[PDB]
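Number of protein chains: 4
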Amino acid sequence: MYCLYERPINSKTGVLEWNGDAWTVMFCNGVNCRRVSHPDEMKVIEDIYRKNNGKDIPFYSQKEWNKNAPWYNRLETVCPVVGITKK
Amino acid sequence: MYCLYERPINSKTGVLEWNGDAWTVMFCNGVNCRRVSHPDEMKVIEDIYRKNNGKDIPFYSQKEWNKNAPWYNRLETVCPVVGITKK
Amino acid sequence: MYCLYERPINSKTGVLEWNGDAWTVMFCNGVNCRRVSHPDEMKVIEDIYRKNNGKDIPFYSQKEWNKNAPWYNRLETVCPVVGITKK
Amino acid sequence: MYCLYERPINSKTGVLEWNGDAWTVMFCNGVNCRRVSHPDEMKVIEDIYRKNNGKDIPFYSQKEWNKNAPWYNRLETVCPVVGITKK
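Structure, rendered in structure tokens:
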């Protein structure tokens, strides 16, 4: 169970907030969710996943998860956020 | 190694106990077991698992795991419960 | 990356030691190695693994890993033991 | 998500540094990155991965990841190093 997704963040403090003014990519490994801060971090995750599994890592776009349907809230309850402060 | 299962919980205190008067869903990721407190948490777990693996996450119902066959006790010994008080 | 294996244990102290006088099953999940101390703990691991993966969990018996070929030493360096004390 | 990769290390202090004079293998399990200091640790990882997955574990050699393309920096941000001190 792995995925990449985007969720809101405060652009000035880097704190996760439900109504953040910016968006960040996050990486879930089935254990925790961690912020992905640089596109090359995203690329290395995508590459390793593909080498292990022969297909692309699941990605949830903001067409699927957003402030009107904040499914990341549910995911982050079962795989808690690490390395960053939330709300 | 992922699964969802049900196990007993005290409906008033939220504490896991062997003779809980209610049941809660739990999620195991092969490292720990964690409580699933809302159906949308269960749905997001099921969706991510299916996107990764192309089939439904294993789910053990109370027909298979219950107080007369408390297999959750064995699973929670090898994948300890986190984030919730227990027995 | 999951497996079950056997490795020596001191039967009088419960400590993992290279020259233990008894043997215990252990469970590795790619993150840590944890002692398995009841047959039904082994069975629940085997069942969940099979439900996820469609084949049996890898198992290393004492024919493969033993005091004359202590490969468990190498595994436990990369996936450290948890929940039990070791030499 | 598992892989083996190589990255620089200080050959006298054992500390991970960007300009280490030697190289070490590391093991990533999608949660953390850990040093693989002996070839037999590499062998046991390779053997377990193959038994689970029926193919070889992804390996990033110095052909791909090196001081002029330090992709290990990106991986170690998303799966932090454990068990060793780093620059």
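Chains as they are written, first to last, in the entry's author numbering: chain B, 202 to 288; chain C, 202 to 288; chain A, 202 to 288; chain D, 202 to 288. Even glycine gets a Cβ: it sits at the ideal position worked out from N, Cα and C.
Straight-line CA distance for residue i to residue j?
| i | j | result |
| --- | --- | --- |
| residue 268(C) | residue 206(D) | 47 Å |
| residue 214(C) | residue 241(C) | 22 Å |
| residue 212(D) | residue 266(A) | 31 Å |
| residue 271(C) | residue 247(C) | 23 Å |
| residue 288(B) | residue 261(B) | 21 Å |
| residue 349(B) | residue 253(C) | Nothing can be reported for residue 349(B), as the shown portion of chain B is limited to 202 through 288. |
| residue 218(D) | residue 210(D) | 6 Å |
| residue 223(C) | residue 257(B) | 40 Å |
| residue 273(A) | residue 259(A) | 14 Å |
| residue 264(D) | residue 263(C) | 53 Å |
| residue 281(D) | residue 280(B) | 17 Å |
| residue 239(D) | residue 239(C) | 46 Å |
| residue 255(C) | residue 255(D) | 18 Å |
Let me check one thing: in DSSP terms, what residues is residue i bridge-paired to?
| i | result |
| --- | --- |
| residue 261(D) | 206(D) |
| residue 282(A) | 234(A) |
| residue 267(B) | 270(B) |
| residue 287(C) | 217(C) |
Going by the beta-carbon positions, is the gap between residue i and residue j smaller than 8 Å?
| i | j | result |
| --- | --- | --- |
| residue 216(A) | residue 286(A) | yes |
| residue 229(A) | residue 203(A) | yes |
| residue 235(A) | residue 284(A) | yes |
| residue 232(C) | residue 243(C) | no |
| residue 276(C) | residue 237(A) | no |
Can you pull the chain C neighbours of residue i, defined as C-beta to C-beta under 9 Å?
| i | result |
| --- | --- |
| residue 217(B) | Near residue 217(B) there are no residues of chain C at all, since even the closest Cβ is about 17 Å away, more than 9 Å. |
| residue 222(A) | Ordered by position in chain C, no residue passes the 9 Å Cβ test against residue 222(A), which lies about 24 Å from the chain. |
Mind listing the chain D neighbours of residue i? Cutoff is C-beta to C-beta under 7 Å, in chain order.
| i | result |
| --- | --- |
| residue 232(A) | 230 and 232 |
| residue 250(B) | 202 |
Strictly below 8 Å CB to CB, what residues from chain D border residue i?
| i | result |
| --- | --- |
| residue 205(A) | Neighbours of residue 205(A) on chain D: none; closest Cβ ~11 Å, over 8 Å. |
| residue 275(A) | 239, 241, 242, 244 and 245 |
Name the chain A residues that come within less than 7 Å of residue i, Cβ to Cβ?
| i | result |
| --- | --- |
| residue 286(C) | Going along chain A, no residue has its Cβ under 7 Å from residue 286(C), so there is no contact; the nearest lies around 19 Å. |
List the residues of chain C whose Cβ lies closer than 8 Å to the Cβ of residue i, in chain order.
| i | result |
| --- | --- |
| residue 235(A) | 279 |
| residue 253(A) | 202, 203, 204, 254 and 259 |
Going along chain A, which residues have a C-beta under 8 Å from residue i?
| i | result |
| --- | --- |
| residue 209(C) | The premise fails here: residue 209(C) is roughly 17 Å from chain A at the closest Cβ pair, so nothing lies under 8 Å. |
Continuous alpha helix (DSSP H) assignments of at least 4 residues falling wholly in the segment 213-263 of chain A: Taking 4 residues as the minimum length, the alpha helix (DSSP H) runs contained wholly in the segment 213-263 of chain A are 240-254, in order along the chain.
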